[PDB]
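Undergrad: If you scroll down you'll find the structure; I have some questions about it.
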Amino acid sequence: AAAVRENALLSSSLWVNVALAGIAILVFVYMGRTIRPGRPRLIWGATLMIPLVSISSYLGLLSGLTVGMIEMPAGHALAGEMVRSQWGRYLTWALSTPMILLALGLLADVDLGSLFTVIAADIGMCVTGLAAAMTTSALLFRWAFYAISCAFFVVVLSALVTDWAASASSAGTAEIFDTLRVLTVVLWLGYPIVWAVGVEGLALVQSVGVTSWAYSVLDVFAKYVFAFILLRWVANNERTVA
Amino acid sequence: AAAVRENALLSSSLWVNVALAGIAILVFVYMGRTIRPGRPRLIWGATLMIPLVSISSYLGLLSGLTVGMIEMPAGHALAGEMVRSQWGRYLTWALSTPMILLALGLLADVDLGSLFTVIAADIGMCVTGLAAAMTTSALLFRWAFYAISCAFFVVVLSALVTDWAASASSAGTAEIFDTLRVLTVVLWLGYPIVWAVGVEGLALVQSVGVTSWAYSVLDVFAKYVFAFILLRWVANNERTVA
Amino acid sequence: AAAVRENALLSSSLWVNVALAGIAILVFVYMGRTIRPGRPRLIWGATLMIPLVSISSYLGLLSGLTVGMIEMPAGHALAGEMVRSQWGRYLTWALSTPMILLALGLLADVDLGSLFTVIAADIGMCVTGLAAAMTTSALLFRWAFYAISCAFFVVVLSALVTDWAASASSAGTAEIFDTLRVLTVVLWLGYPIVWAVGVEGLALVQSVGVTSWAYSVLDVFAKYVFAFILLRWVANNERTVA
Ligand SMILES: *C/C=C(C)/C=C/C=C(C)/C=C/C1=C(C)CCCC1(C)C
Ligand SMILES: *C/C=C(C)/C=C/C=C(C)/C=C/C1=C(C)CCCC1(C)C
Ligand SMILES: *C/C=C(C)/C=C/C=C(C)/C=C/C1=C(C)CCCC1(C)C
Ligand SMILES: CCCCCCCCO[C@@H]1O[C@H](CO)[C@@H](O)[C@H](O)[C@H]1O
Ligand SMILES: CCCCCCCCO[C@@H]1O[C@H](CO)[C@@H](O)[C@H](O)[C@H]1O
Ligand SMILES: CCCCCCCCO[C@@H]1O[C@H](CO)[C@@H](O)[C@H](O)[C@H]1O
Ligand SMILES: [Cl-]
Ligand SMILES: [Cl-]
Ligand SMILES: [Cl-]
Ligand SMILES: [Cl-]
Ligand SMILES: [Cl-]
Ligand SMILES: [Cl-]
């Protein structure tokens with residue numbers, strides 16, 4: 001009744017995005033039929049990868065493959081108990097968020113050196129966040145990993161709001177880039193907040209069902225809506241892009 | 001006598017490609033002495049990586065490091081039993097098949113945006129195939145991962161037969177690209193067929209020794225012969241390439 | 001008293017580089033304030049990643065997350081015993097050493113095809129070294145993985161001393177590249193020597209505390225000093241770089 005409820009929250013939060021990522025893929029494929037070869041097409045290709053990885057991630061979680069139990073260390077609000085960790089989320093982020101950055105990079109026509117550094121920071125962010133969730137020896141080390149993950153996040157964010165914006169300005173896409181960059185910054189910021197507030201961090205919210213739904217809602221925006229906005233603009237501005 | 005036989009199939013299927021990848025490396029190194037710096041040399045470098053990763057993979061399997069037992073879920077032809085899974089194959093594919101795609105990409109002088117999307121799809125293909133083999137909770141999830149892996153495969157294939165062919169046409173290598181692309185498409189198609197027919201899928205063939213040999217034969221062609229054909233052509237057409 | 005000592009060696013060898021990587025990051029960030037957008041800035045960005053990954057690695061080891069016990073196989077000097085393996089080092093090398101190569105690649109303005117092949121070889125080097133440490137079935141397979149790792153290392157080294165030097169010559173950075181390339185070759189050579197001499201290889205040195213310190217000292221030079229030299233030169237030669 002709390003377990004019926006917690007289990008009902010968890011499964012619905014996962015099955016919803018299997019459906020939505022599935023539909024996004026179908027929609028995005030259809031939209032690509034009318035998109036002309038060249039830069040518009042390259043962006044579409046990168047963009048389509050985003051829900052492809054996302055739906056994989058959610059099947060990872062649903063199947064039990066990428067979900068485990070983790071013993072919280074002394075000092076944690078749930079010290080001495082096992083908590084369900086959806087570590088599959090952090091893992092697949094390391095592949096899906098570089099696809100987001102690649103679509104943006106193509107859109108803003110960034111320097112390849114900047115692209116490689118950003119994607120590398122992004123992967124560091126994801127792996128250290130995973131380390132934070134997986135660490136059981138001490139509460140200190142969990143939050144130390146969280147802080148390093150934040151430092152990686154700052155590298156990515158800084159690049160977006162400076163060099164990538166600059167690149168977009170001279171590539172003639174600064175207006176759509178700024179929309180998407182603002183969307184990206186706001187929504188990505190939600191993930192470390194969920195982590196911190198949720199059961200793996202401070203556990204202000206102790207329901208893993210609630211924290212799971214929080215990530216799932218963020219994904220709807222940071223992936224599927226982000227991508228739909230991108231593809232709509234590209235399909236309407238193919239010459240600006242080429 | 002079935003176990004003597006199954007064990008004889010397994011070890012021979014693995015030791016043969018330690019030998020063949022070993023020899024391929026030796027041959028390819030020798031061939032590189034006569035290849036001129038620049039684009040020909042870059043292709044040679046990428047090409048040489050292919051059997052380097054391959055021989056690593058086979059030592060992974062031989063040593064027991066990347067082989068495990070997996071319990072088949074209800075509904076599977078071998079439901080309730082443990083089957084030997086050569087999961088090391090899927091793992092190293094995620095590094096060796098991007099090397100194949102990189103050699104082709106250099107040959108066809110493709111757009112870097114296309115290259116990054118293709119290699120990302122390729123990695124998604126490999127990791128979801130690995131997920132399919134590793135999933136034990138339900139038969140549904142195994143085949144769902146298989147279907148996503150196929151979708152990633154289609155992304156890669158589509159890029160080959162369209163944009164990469166286009167790139168090869170304007171880079172003056174469309175004739176050798178078309179040979180290699182056709183080789184690649186036909187042989188790569190064999191892997192999901194082996195998976196499906198073999199013990200991890202439908203188990204029409206229940207011998208892991210037989211399924212292992214099937215992958216090993218595919219590797220001989222998709223890697224070592226593919227690469228030897230590439231290097232022969234490059235060493236004979238260095239100016240067309242430069 | 002040997003355990004007090006071995007444990008004192010181990011923890012000090014790990015905490016020292018948490019401190020030093022931490023300080024390097026702080027120093028490098030400060031130095032970046034005075035570095036002009038463009039190629040100098042791109043190098044700085046790539047360079048800053050190096051201690052970011054390094055400090056992550058050391059927290060991985062300190063927390064117990066990426067340290068495990070491994071049973072040495074028959075024939076090993078410590079056959080039948082469990083030895084502490086800092087496998088987290090090999091793992092994070094697969095992300096930090098591509099950042100070193102990326103900073104150099106930007107500095108020498110190398111061909112992207114060369115860059116991708118080198119970074120791929122570099123990752124192969126790291127993963128097969130990890131395989132070597134993780135392999136328990138036979139002593140033969142441990143050293144076979146070590147030899148393949150060496151072959152990957154040779155690919156990387158060959159590229160540095162030939163094509164990358166060539167690129168640096170025509171990009172006008174051959175003098176600073178040659179310093180850094182020589183630094184890189186000498187210090188990187190120290191790692192397989194430590195492996196071989198230390199407890200995981202021949203165990204001429206059986207103290208894991210001593211072997212850990214050896215890696216930690218190599219890191220100080222191959223990462224933090226390497227990077228400080230790079231940033232000093234870039235900040236003093238911004239026009240040569242642009
Ligand atoms: C599609 C998935 C997305 C856009 C996920 C983005 C995730 C992040 C920006 C996560 C950030 C984190 C930190 C910055 C600190 C450590 C905890 C994390 C991993 C949640
Ligand atoms: C050198 C190794 C090669 C060329 C391996 C290629 C492997 C594939 C094309 C595998 C494809 C698969 C699917 C498309 C569905 C899921 C099962 C796989 C991973 C066998
Ligand atoms: C910052 C970390 C660095 C620069 C580490 C570099 C590590 C190597 C060059 C390791 C090389 C190895 C071999 C060449 C053989 C197998 C054992 C290794 C992994 C130590
Ligand atoms: C996100 C910015 C603040 C980070 C918190 C610093 C680490 C504190 O750590 C927290 O201490 C609490 C006990 O006091 C517990 O309730 C939490 O479970 C534990 O994570
Ligand atoms: C490859 C295209 C067809 C995929 C098969 C769909 C999934 C069916 O699944 C299969 O069902 C069988 C029992 O009927 C078993 O024999 C198999 O082990 C099991 O994989
Ligand atoms: C690094 C170049 C030499 C590699 C050594 C070849 C592999 C030998 O292997 C070694 O054999 C010894 C027993 O004779 C043991 O002391 C070692 O633990 C074992 O690694
Ligand atoms: Cl994802
Ligand atoms: Cl869950
Ligand atoms: Cl392989
Ligand atoms: Cl096997
Ligand atoms: Cl590291
Ligand atoms: Cl340790």
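Order determines the names: the first chain of the structure tokens is A, the second B, and so forth; residues in each chain are numbered 1 upward, and ligands are numbered 1 upward as they are shown.
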Produce as a compact mmCIF listing (two decimals) with N, CA, C and O atoms, in the first residue's frame the set of residues near ligand 6, where near means within 8 Å with only C-alpha atoms and all ligand atoms considered.
TA:
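Listing of part-v7.txt after writing:
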# COMPACT_ATOMS: atom_id res chain seq x y z
N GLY C 75 52.43 -20.20 -11.05
CA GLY C 75 53.61 -19.72 -11.75
C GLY C 75 53.99 -18.32 -11.32
O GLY C 75 55.15 -17.93 -11.40
N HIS C 76 53.00 -17.55 -10.88
CA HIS C 76 53.26 -16.20 -10.42
C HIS C 76 54.07 -16.27 -9.13
O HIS C 76 53.91 -17.22 -8.37
N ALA C 77 54.92 -15.28 -8.89
CA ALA C 77 55.69 -15.21 -7.66
C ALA C 77 54.82 -15.24 -6.41
O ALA C 77 55.30 -15.57 -5.33
N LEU C 78 53.54 -14.89 -6.55
CA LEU C 78 52.62 -14.92 -5.42
C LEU C 78 51.40 -15.79 -5.73
O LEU C 78 50.29 -15.52 -5.27
N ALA C 79 51.64 -16.84 -6.51
CA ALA C 79 50.63 -17.83 -6.88
C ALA C 79 49.82 -18.30 -5.68
O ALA C 79 50.39 -18.74 -4.69
N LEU C 139 48.87 -17.56 -16.02
CA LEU C 139 49.96 -16.60 -16.11
C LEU C 139 50.26 -16.16 -17.56
O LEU C 139 50.58 -15.00 -17.81
N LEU C 140 50.15 -17.10 -18.51
CA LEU C 140 50.34 -16.85 -19.95
C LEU C 140 49.47 -15.72 -20.51
O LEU C 140 49.95 -14.85 -21.25
N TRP C 143 50.39 -12.09 -19.39
CA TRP C 143 51.51 -11.49 -20.14
C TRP C 143 51.20 -11.32 -21.62
O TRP C 143 51.78 -10.46 -22.28
N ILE C 193 56.98 -0.40 -17.01
CA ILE C 193 58.10 -0.86 -16.20
C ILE C 193 57.65 -1.11 -14.77
O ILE C 193 58.01 -2.13 -14.16
N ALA C 196 55.51 -4.36 -14.79
CA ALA C 196 56.37 -5.53 -14.92
C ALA C 196 57.17 -5.81 -13.64
O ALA C 196 57.19 -6.94 -13.14
N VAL C 197 57.81 -4.78 -13.10
CA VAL C 197 58.64 -4.94 -11.91
C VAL C 197 57.78 -5.16 -10.67
O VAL C 197 58.13 -5.96 -9.79
N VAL C 199 54.15 -5.76 -8.21
CA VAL C 199 53.50 -6.97 -7.73
C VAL C 199 52.59 -7.66 -8.76
O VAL C 199 52.41 -8.89 -8.72
N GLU C 200 52.04 -6.90 -9.70
CA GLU C 200 51.10 -7.49 -10.66
C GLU C 200 51.84 -8.25 -11.77
O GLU C 200 51.30 -9.19 -12.33
N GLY C 201 53.08 -7.84 -12.05
CA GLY C 201 53.92 -8.49 -13.05
C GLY C 201 54.86 -9.55 -12.48
O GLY C 201 54.42 -10.59 -11.98
N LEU C 202 56.16 -9.29 -12.56
CA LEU C 202 57.19 -10.19 -12.01
C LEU C 202 57.27 -10.18 -10.48
O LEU C 202 57.80 -11.11 -9.88
N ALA C 203 56.75 -9.13 -9.86
CA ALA C 203 56.83 -8.96 -8.40
C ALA C 203 58.28 -9.01 -7.90
O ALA C 203 58.58 -9.67 -6.91
N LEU C 204 59.17 -8.31 -8.60
CA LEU C 204 60.51 -8.04 -8.08
C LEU C 204 60.33 -7.18 -6.85
O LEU C 204 61.00 -7.35 -5.82
Undergrad: Enumerate residues in contact with ligand 2: an atom-to-atom distance of at most 8 Å, counting only C-alpha atoms and all ligand atoms. Format the result as JSON, numbers by chain.
TA: {"B": [50, 54, 89, 90, 93, 96, 97, 100, 125, 126, 127, 128, 129, 130, 132, 145, 146, 147, 148, 149, 150, 151, 152, 153, 184, 187, 188, 189, 190, 191, 192, 193, 194, 195, 196, 218, 219, 222, 223]}
Undergrad: Pick the closest to residue 30 (chain C) from C:241, C:154, C:159, C:231: which is it, counting only C-alpha atoms?
TA: C:231
Undergrad: Once you count only C-alpha atoms, which residues of chain C turn out to be within 10 Å of chain A? Could you give them as a compact mmCIF listing (two decimals) with N, CA, C and O atoms, in the first residue's frame?
TA:
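The resulting file, out25.txt, is shown below:
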# COMPACT_ATOMS: atom_id res chain seq x y z
N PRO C 37 40.65 33.54 -26.47
CA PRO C 37 39.79 32.65 -27.26
C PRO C 37 40.43 32.19 -28.56
O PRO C 37 41.29 32.88 -29.11
N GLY C 38 40.03 31.02 -29.04
CA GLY C 38 40.67 30.43 -30.20
C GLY C 38 41.50 29.23 -29.79
O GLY C 38 41.29 28.66 -28.73
N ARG C 39 42.46 28.87 -30.64
CA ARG C 39 43.31 27.71 -30.41
C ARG C 39 43.99 27.66 -29.03
O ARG C 39 44.01 26.61 -28.40
N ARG C 41 42.89 28.79 -26.25
CA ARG C 41 41.81 28.48 -25.33
C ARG C 41 41.37 27.02 -25.41
O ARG C 41 40.97 26.43 -24.40
N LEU C 42 41.42 26.46 -26.62
CA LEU C 42 41.01 25.08 -26.86
C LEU C 42 41.99 24.11 -26.19
O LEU C 42 41.59 23.10 -25.60
N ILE C 43 43.27 24.42 -26.31
CA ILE C 43 44.33 23.66 -25.66
C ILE C 43 44.16 23.73 -24.14
O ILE C 43 44.20 22.71 -23.46
N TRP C 44 43.94 24.93 -23.62
CA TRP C 44 43.71 25.11 -22.18
C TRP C 44 42.55 24.26 -21.69
O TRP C 44 42.64 23.64 -20.63
N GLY C 45 41.47 24.22 -22.47
CA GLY C 45 40.28 23.46 -22.10
C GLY C 45 40.56 21.96 -22.01
O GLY C 45 40.22 21.31 -21.02
N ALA C 46 41.16 21.43 -23.06
CA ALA C 46 41.61 20.04 -23.08
C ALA C 46 42.58 19.75 -21.92
O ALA C 46 42.49 18.71 -21.26
N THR C 47 43.51 20.67 -21.68
CA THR C 47 44.54 20.48 -20.65
C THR C 47 43.95 20.40 -19.23
O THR C 47 44.38 19.58 -18.41
N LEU C 48 42.95 21.24 -18.97
CA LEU C 48 42.26 21.29 -17.68
C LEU C 48 41.55 19.98 -17.34
O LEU C 48 41.37 19.64 -16.16
N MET C 49 41.14 19.24 -18.36
CA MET C 49 40.48 17.94 -18.17
C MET C 49 41.41 16.92 -17.50
O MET C 49 40.96 16.04 -16.77
N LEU C 52 41.29 17.03 -13.80
CA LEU C 52 39.91 16.73 -13.43
C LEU C 52 39.67 15.22 -13.42
O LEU C 52 39.06 14.69 -12.49
N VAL C 53 40.14 14.53 -14.44
CA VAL C 53 39.98 13.06 -14.47
C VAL C 53 40.86 12.40 -13.42
O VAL C 53 40.45 11.44 -12.75
N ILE C 55 41.92 13.55 -10.47
CA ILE C 55 41.44 13.60 -9.09
C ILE C 55 40.27 12.62 -8.87
O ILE C 55 40.10 12.07 -7.79
N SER C 56 39.48 12.39 -9.93
CA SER C 56 38.36 11.44 -9.89
C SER C 56 38.86 10.03 -9.66
O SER C 56 38.28 9.24 -8.90
N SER C 57 39.95 9.72 -10.34
CA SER C 57 40.58 8.43 -10.27
C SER C 57 41.05 8.16 -8.87
O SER C 57 40.79 7.10 -8.32
N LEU C 59 40.04 9.51 -6.06
CA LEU C 59 38.90 9.30 -5.16
C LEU C 59 38.30 7.91 -5.37
O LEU C 59 37.84 7.27 -4.43
N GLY C 60 38.29 7.44 -6.62
CA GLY C 60 37.88 6.08 -6.92
C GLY C 60 38.67 5.08 -6.11
O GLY C 60 38.10 4.17 -5.49
N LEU C 62 40.66 5.73 -3.34
CA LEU C 62 40.57 5.99 -1.88
C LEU C 62 39.31 5.43 -1.24
O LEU C 62 39.33 4.92 -0.13
N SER C 63 38.21 5.54 -1.97
CA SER C 63 36.91 5.09 -1.51
C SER C 63 36.71 3.56 -1.56
O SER C 63 35.67 3.07 -1.13
N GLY C 64 37.68 2.83 -2.09
CA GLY C 64 37.54 1.40 -2.28
C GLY C 64 36.76 0.98 -3.52
O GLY C 64 36.75 -0.20 -3.90
N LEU C 65 36.12 1.95 -4.16
CA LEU C 65 35.28 1.69 -5.33
C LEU C 65 36.01 0.97 -6.45
O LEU C 65 35.46 0.05 -7.06
N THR C 66 37.24 1.39 -6.74
CA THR C 66 37.97 0.85 -7.89
C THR C 66 39.26 0.14 -7.50
O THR C 66 40.25 0.16 -8.25
N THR C 92 40.72 4.69 -15.53
CA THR C 92 40.61 6.12 -15.76
C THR C 92 41.68 6.60 -16.73
O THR C 92 41.54 7.65 -17.34
N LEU C 95 40.39 7.44 -20.06
CA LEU C 95 39.83 8.78 -20.28
C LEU C 95 40.88 9.90 -20.12
O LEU C 95 40.84 10.86 -20.87
N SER C 96 41.81 9.79 -19.18
CA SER C 96 42.78 10.89 -19.00
C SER C 96 43.89 10.91 -20.05
O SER C 96 44.35 11.99 -20.43
N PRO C 98 43.67 9.99 -23.26
CA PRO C 98 43.18 10.69 -24.46
C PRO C 98 43.11 12.22 -24.32
O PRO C 98 43.22 12.92 -25.32
N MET C 99 42.94 12.73 -23.10
CA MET C 99 42.98 14.17 -22.89
C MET C 99 44.40 14.73 -23.07
O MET C 99 44.58 15.80 -23.64
N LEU C 102 44.89 14.69 -26.75
CA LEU C 102 44.11 15.76 -27.37
C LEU C 102 44.81 17.12 -27.22
O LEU C 102 44.81 17.92 -28.14
N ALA C 103 45.39 17.39 -26.06
CA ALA C 103 46.07 18.67 -25.86
C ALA C 103 47.26 18.77 -26.79
O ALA C 103 47.49 19.79 -27.43
N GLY C 105 47.56 17.09 -29.59
CA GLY C 105 47.05 17.09 -30.95
C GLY C 105 46.66 18.49 -31.39
O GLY C 105 46.92 18.89 -32.52
N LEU C 106 46.03 19.23 -30.49
CA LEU C 106 45.69 20.62 -30.73
C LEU C 106 46.95 21.45 -30.90
O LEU C 106 47.03 22.30 -31.79
N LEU C 112 43.03 14.96 -38.20
CA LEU C 112 41.99 14.35 -37.40
C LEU C 112 41.95 12.82 -37.52
O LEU C 112 41.57 12.12 -36.58
Undergrad: Grab me every residue within 12 Å of ligand 10, counting only C-alpha atoms and all ligand atoms, and send it over as a PyMOL selection string.
TA: chain B and resi 6-15+57-69+83-89+207-213+215-216
